[PDB]
Amino acid sequence: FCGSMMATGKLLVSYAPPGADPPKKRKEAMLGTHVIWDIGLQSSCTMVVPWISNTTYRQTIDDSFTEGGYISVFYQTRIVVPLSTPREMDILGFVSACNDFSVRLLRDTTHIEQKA
Amino acid sequence: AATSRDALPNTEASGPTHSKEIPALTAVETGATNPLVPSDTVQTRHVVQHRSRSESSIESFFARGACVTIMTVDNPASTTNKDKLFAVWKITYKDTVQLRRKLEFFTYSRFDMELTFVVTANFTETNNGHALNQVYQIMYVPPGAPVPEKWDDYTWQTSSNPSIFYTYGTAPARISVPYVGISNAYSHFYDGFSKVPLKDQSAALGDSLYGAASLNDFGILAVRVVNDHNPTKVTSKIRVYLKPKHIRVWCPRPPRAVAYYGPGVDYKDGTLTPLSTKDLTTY
Amino acid sequence: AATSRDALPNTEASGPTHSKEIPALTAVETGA
Amino acid sequence: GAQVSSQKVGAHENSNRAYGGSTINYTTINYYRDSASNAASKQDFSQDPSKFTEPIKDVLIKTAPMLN
Amino acid sequence: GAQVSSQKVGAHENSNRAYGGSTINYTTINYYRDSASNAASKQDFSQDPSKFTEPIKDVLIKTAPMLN
Amino acid sequence: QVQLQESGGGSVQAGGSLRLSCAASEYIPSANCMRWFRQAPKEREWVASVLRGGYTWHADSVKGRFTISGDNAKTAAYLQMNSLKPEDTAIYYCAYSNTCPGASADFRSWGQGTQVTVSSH
Amino acid sequence: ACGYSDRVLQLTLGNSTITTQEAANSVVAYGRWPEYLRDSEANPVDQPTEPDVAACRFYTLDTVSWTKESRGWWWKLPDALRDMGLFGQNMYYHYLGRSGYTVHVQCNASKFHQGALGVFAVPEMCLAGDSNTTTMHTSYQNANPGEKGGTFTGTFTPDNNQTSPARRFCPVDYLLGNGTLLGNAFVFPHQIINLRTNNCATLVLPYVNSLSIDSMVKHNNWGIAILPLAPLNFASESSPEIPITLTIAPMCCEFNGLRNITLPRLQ
Amino acid sequence: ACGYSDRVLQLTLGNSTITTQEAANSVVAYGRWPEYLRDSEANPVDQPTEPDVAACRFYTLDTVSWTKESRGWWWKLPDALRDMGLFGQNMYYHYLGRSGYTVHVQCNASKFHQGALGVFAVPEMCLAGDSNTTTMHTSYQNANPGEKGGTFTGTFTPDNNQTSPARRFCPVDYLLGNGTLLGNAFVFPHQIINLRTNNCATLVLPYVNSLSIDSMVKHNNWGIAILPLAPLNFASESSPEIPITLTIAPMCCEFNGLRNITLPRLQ
């Protein structure tokens, strides 16, 4: 959270394994794996998306059979600021693997190319 | 401890009988097969059995390599307009019938795969031109990587995709691949869909093909002639042979009885009569 | 001693919790 | 690290001071790090067909009546 | 001067009197004087990512508050 | 025998759009690579080639304007022709292949085709 | 001694009990009794939900009618039980699920009737479609009929409406509906309900799949196929009828990845 | 040493986690942590269903809005969670059920706002009706509002329509809605959310009833009452507003007597 020290709030970060309607309301998101984050001195919050999948490994492309689910963020309460404080602010997100993460089957990437 | 090459059980000598023991009578309703041996219904002598089932072990059953596809190339007049001289084939055994049927006696399998490539070439139009020995590039493009667009684009650099450069006239190329399935075993059959159609979604969005999943998406093999354009056209064919080694299989099934039709279990009209005519009381 | 081909760490069974221990809360400012 | 195994001899040459008799063995040495590269050993096991032939809950005794 | 090492067996053949089970090894013999000529052993080590993940001076205890 | 049927052709002015369709009479359990071709004088020209899905190739003339799709179930293909030019005027055809992402005028049979006339102004 | 028999059995699961006086023993498919997922074989990391007695109980599906013209019937698991009490619910709320089953097919008649039904449990029972223009095209809805199940047929009739295809299975009986000869089906775990002998079939099926756990809403592990090996006949009647009833009990079912409820398009 | 605090807490149940940086410790009602039914205290004989992680997780009810004119709010348990995932389902499918709870009331503001909310958990929270012509007449529908809950009022207004009575509660705030003075409510397990101090209340409640297990659909064990002890005030604003959110997690819930699903008349 990158707002002022004076800003407070509670947010809900959620992960819903696939196979159902993608959460579009807090009501649904609330049913899957989630962390309710309270904004304070400890400025950051981490939600672990547990390895929940049918296959032992997933495809590194968009694939239905090995789909991963949905991540979403909602307002638990709301952001509250006193007077003389910026009413809008930004949050930054970060992603990383856990100690149980692995990859396999080396292949070339589509992220770079040399035309001609 | 019983090995595939061990001799089968000997036949024990047995004499006449007259008792309450009833080996002959059974009841198939139970779903069991009556485990009888000759000595249960006739008088038998002692026979030291030497035969073994060594040739019928799963490993030995799939010990032969088999064709899967015929990839081809082609050169035109000049360029004229064309420069898309390269073959791309989606790796799947379900293209032929021979290997496919053998791999259907079972529901699931695990195996290291050996692939051998036999490459042949030839001339087209009668000419006095002579081509120099060709080199071919067989590139495995795993699901995801960029597929070659032009015969001479970046993709052919192959910084991470395994590739085999085969020189014409040498022993056919060969490589091994470990069990690469995303599951604990490959699924020869999949009774289901890749997508669950949801009620609050459009039918189109929730639609998928019955029996198809990434369980069997292995990517593609892209093959091209490395040598530059020649004035005389040469056509080439690469035959791919697969031999499942170090194999294990689960759940037996009845073998396919009518002609295959697509990558599914579907059947075509007019191919539904595998049996011939024979009278009930004729030997 | 950990080799490239060694199996990764097992997932340990864990139950409900209600304490002062706060794994979820952090501060990325530290650079960790 | 050679693997020496025995062969099951079918046709025997008129020899027992080299071939035919005194157990014929064969050598195998693996050259690659990946197990997938190995040839097939063919030294396989068999099993009792019961899981398919007699999948009944209560054991089958052939001499007795199936239904009792 | 042969180097015999073990393979990590993935798919196992129905064998435990040759393949699959009783540890499958592979042999390697270096033929050249220069080390640069050798093939890659692939028998590599891993390390704790801490030097990149937790480069902080005062040790991180996950259960405690990061800032205290 | 095996039959392919082209449809969707017509006459439009430049800059317009069309959508050509080619279906097989009955399903073909071999032909997975479909192609489009055209011609005006006395020489055939390759338009676009499309395998099962979703690898699609185009030509240095029709790319960006033309797009091929086709069902991964039904043996049929479709050609969406956008930003049409008077140069595109020709008879379009359809032909099944095997595992041939590449293209060459070397097909056994030939259906009938569908005329596309592009008006100028 | 006490008179215990292969013919008389009592099965109890959860709050349900089934008795039978004319059984032909019972089958434990592939000799493997259903079991929960072992740690050594586990996959998803979250604590699984194990409903136990709430789901592990006998549910009776709708009864069908056997006549001289019946060609056969089929069902998919867990599909058939998709709407059965807590089992159904637990199924829809989770992304992953695994379950074994005790399938008990019931059909009685008289000492004067005759006929034989082959009850087969087929792992991955993929059935053939109805089109000669498109392969693998049967839709999700048609592929999953639920408790009513589907039926086999004696003649293949290709769907010719290319405008709006029916997109359904057209399973031919002698072809076991999948292009293999019926006479071989006996390779699958099975029992035969022969009227003169028994009035029920009992098949205990373990969870069988290429994965430890999988999506239940997308994929059916087992398929139950019931076909008349020998046709129904009674006295000298031209139109005899006897009902066939299925009762299925999930066993050792566990689920992972809880979320909001899946609401499938079933029609 | 490591900086552990009464103010910073993390609660994890099932697949849900709640964090807080401004807590005021937490309350374990009557010093009793929730527990399953002991054999020595058991009643119904059938094997109970214990959903565990499927039901024992945090569910967030609809958020309400606190303003200068808010009189208070109320909810009933298990009523409020009647439609919450597997907990709701397990509740409707069984005749009997018992459950403990972790109730976490959330409401943040700023160092510039002021006010105090009393969060009370009342065993057997019977509320007074709205008629001066009939006693104990509030209908099932009105008695059970579900997740939306109800509200307290500052003035008693008797229902005068004797033709079609409203049949609802008319809970007067200072009377805690049951004819007892609010100032005494502190005898019930409670916490106070005073804006300057904390932004949440946490109450762990054991299953409390005169029986070991009871019908959940008919009877609510606990009642959650939230009333503003000190009214909301911000800066010099006439109409400040801050939201209040409830998240409740059933604990150690078990159910007996499975049947078909109860379909109550809720309207």
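Just so it is clear, none of the values below were taken in a lab; they were calculated from the coordinates. Cβ atoms come from the backbone with ideal geometry, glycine included; neighbour counts cover every protein chain shown.
Checked against (1) within 14 Å of chain D (Cβ to nearest Cβ); (2) in a loop (DSSP other than H, G, I, E, B); (3) of a type outside the set (D, E, K, R), residue B:42 meets all criteria but (1). Looking at A:74, A:65, A:101, just one residue is more than 10 Å from chain H (Cβ to nearest Cβ) and within 18 Å of the chain's Cα centre (by Cα), and that residue is A:101. Note on region H:41-61: residues that are within 23 Å of residue H:104 (Cα to Cα), away from chain G (no Cβ under 11 Å) and either among the hydroxyl-bearing types (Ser, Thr, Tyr) or outside any loop (DSSP other than H, G, I, E, B) (or both) amount to 2.
Among the residues of region G:153-181, the ones that are more than 8 Å from every other protein chain (Cβ to nearest Cβ) and either touching a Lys or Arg at 6+ places or on another chain (Cβ under 8 Å) or surrounded by 16 or more Cβ atoms within 10 Å (Cβ to Cβ) (or both) come to 13 in all.
How about region C:11-32: which of its residues are surrounded by 10 or more Cβ atoms within 10 Å (Cβ to Cβ) and either more than 8 Å from chain E (Cβ to nearest Cβ) or over 17 Å from the mean Cα position of the chain (by Cα) (or both)?
Scanning region C:11-32 gives C:11, C:16, C:17, C:18, C:19, C:20, C:24, C:28, C:29, C:30.
Filter region H:26-40 down to residues that are surrounded by fewer than 16 Cβ atoms within 10 Å (Cβ to Cβ) and of a type outside the set (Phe, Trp, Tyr) and give me whichever is farthest from the other protein chains (Cβ to nearest Cβ). Looking at residues that are surrounded by fewer than 16 Cβ atoms within 10 Å (Cβ to Cβ) and of a type outside the set (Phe, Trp, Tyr), I get H:40. Looking across region H:124-168 at every residue that is assigned to a loop (DSSP other than H, G, I, E, B) and of a type in the set (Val, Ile, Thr), the one that is farthest from residue H:72 (Cα to Cα) is identified as H:163.
Residues of region F:52-76 that are within 14 Å of chain G (Cβ to nearest Cβ) and either in a strand (DSSP E or B) or closer than 22 Å to residue F:39 by Cβ (or both): F:70, F:74, F:76.
Starting from residues that are out of contact with any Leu (no Cβ under 9 Å at 6 or more places or on another chain) and within 12 Å of chain B (Cβ to nearest Cβ), keep the ones in region G:139-152 and report whichever is surrounded by the most Cβ atoms within 10 Å (Cβ to Cβ). Once the filter is applied, the top-ranked residue is G:139.
Which one is surrounded by the most Cβ atoms within 10 Å (Cβ to Cβ) among residues in region B:124-139 that are more than 31 Å from the chain's Cα centre (by Cα) and in contact (Cβ under 8 Å) with a residue 60 or more places away in the chain?
Across region B:124-139, the extreme among qualifying residues is B:131.
Scanning region B:56-82 for residues that are more than 9 Å from every other protein chain (Cβ to nearest Cβ) and either in a helix (DSSP H, G or I) or aromatic (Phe, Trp, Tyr) (or both) yields B:56, B:61, B:62.
Restricting region D:39-57 to residues that are facing chain E (nearest Cβ under 9 Å) and charged (D, E, K, R) leaves a set whose member that is nearest to residue B:177 (Cα to Cα) is D:42.
Scanning region F:60-80 for residues that are surrounded by fewer than 19 Cβ atoms within 10 Å (Cβ to Cβ), over 12 Å from the mean Cα position of the chain (by Cα) and of a type outside the set (D, E, K, R) yields a total of 3.
Pull up region D:8-38, narrow it to residues that are at the interface with another protein chain (Cβ under 10 Å from one of its Cβ atoms) and either of a type in the set (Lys, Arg) or farther than 13 Å from residue E:25 by Cα (or both), then point me to the one that is surrounded by the most Cβ atoms within 10 Å (Cβ to Cβ). Restricting to residues being at the interface with another protein chain (Cβ under 10 Å from one of its Cβ atoms) and either of a type in the set (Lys, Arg) or farther than 13 Å from residue E:25 by Cα (or both), the top hit is D:33.
For residue A:112, state whether it is more than 14 Å from chain H (Cβ to nearest Cβ) and out of contact with any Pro (no Cβ under 7 Å at 6 or more places or on another chain). Considered against the rule, which asks whether it is more than 14 Å from chain H (Cβ to nearest Cβ) and out of contact with any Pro (no Cβ under 7 Å at 6 or more places or on another chain), residue A:112 comes out as yes. Considering the conditions (1) more than 14 Å from chain E (Cβ to nearest Cβ); (2) charged (D, E, K, R); (3) assigned to a loop (DSSP other than H, G, I, E, B); (4) in contact with a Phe, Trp or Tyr (Cβ under 8 Å, 6 or more places away or on another chain), residue D:62 is excluded by exactly one of them, (4). Here residue G:136 meets each of (1) under 30 Å from residue F:28 (Cα atoms); (2) surrounded by 19 or more Cβ atoms within 10 Å (Cβ to Cβ); (3) more than 10 Å from chain B (Cβ to nearest Cβ) with one exception, condition (3). Among the residues making up region B:145-154, those that are facing another protein chain (nearest Cβ under 8 Å) and touching a residue at least 12 places away in the same chain (Cβ under 8 Å) are B:145, B:147.
Please find, among A:39, A:52, A:79, A:91, the residue that is of a type in the set (A, V, I, L, M, F, W, C), at the interface with another protein chain (Cβ under 7 Å from one of its Cβ atoms) and at negative phi.
A:52
For (1) of a type in the set (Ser, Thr, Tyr); (2) in contact with a helix residue (DSSP H, G or I) (Cβ under 8 Å, 6 or more places away or on another chain); (3) farther than 30 Å from residue B:174 by Cα; (4) in a loop (DSSP other than H, G, I, E, B), each residue gets a yes or a no:
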site	(1), (2), (3), (4)
D:1	no, no, no, yes
D:5	yes, no, no, no
D:17	no, no, yes, yes
D:22	yes, no, yes, yes
D:30	no, yes, no, yes
D:36	no, no, no, no
D:40	no, yes, no, yes
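The selection criterion, being more than 7 Å from every other protein chain (Cβ to nearest Cβ) and either of a type in the set (D, E, K, R) or surrounded by 17 or more Cβ atoms within 10 Å (Cβ to Cβ) (or both), holds for residue B:93. In region A:97-112 there is at least one residue that is of a type outside the set (A, V, I, L, M, F, W, C), in contact with a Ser or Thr (Cβ under 7 Å, 6 or more places away or on another chain) and either surrounded by 15 or more Cβ atoms within 10 Å (Cβ to Cβ) or farther than 24 Å from residue C:23 by Cα (or both).
If you go through region H:10-25 and keep only what is in a loop (DSSP other than H, G, I, E, B) and within 14 Å of chain A (Cβ to nearest Cβ), you end up with H:14, H:15, H:21, H:22, H:23, H:24.
The set of residues in region H:62-102 being in a strand (DSSP E or B) and either of a type in the set (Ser, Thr, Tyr) or within 14 Å of another protein chain (Cβ to nearest Cβ) (or both) consists of H:64, H:65, H:66, H:94, H:95, H:96, H:97, H:99, H:100, H:101, H:102.
If you go through region B:169-201 and keep only what is more than 14 Å from chain G (Cβ to nearest Cβ) and within 26 Å of the chain's Cα centre (by Cα), you end up with B:170, B:171, B:172, B:173, B:174, B:175, B:176, B:177, B:178. Checking region H:105-115 against the condition returns a match, with at least one residue being under 25 Å from residue H:191 (Cα atoms), within 11 Å of another protein chain (Cβ to nearest Cβ), surrounded by fewer than 24 Cβ atoms within 10 Å (Cβ to Cβ) and under 18 Å from the mean Cα position of the chain (by Cα).
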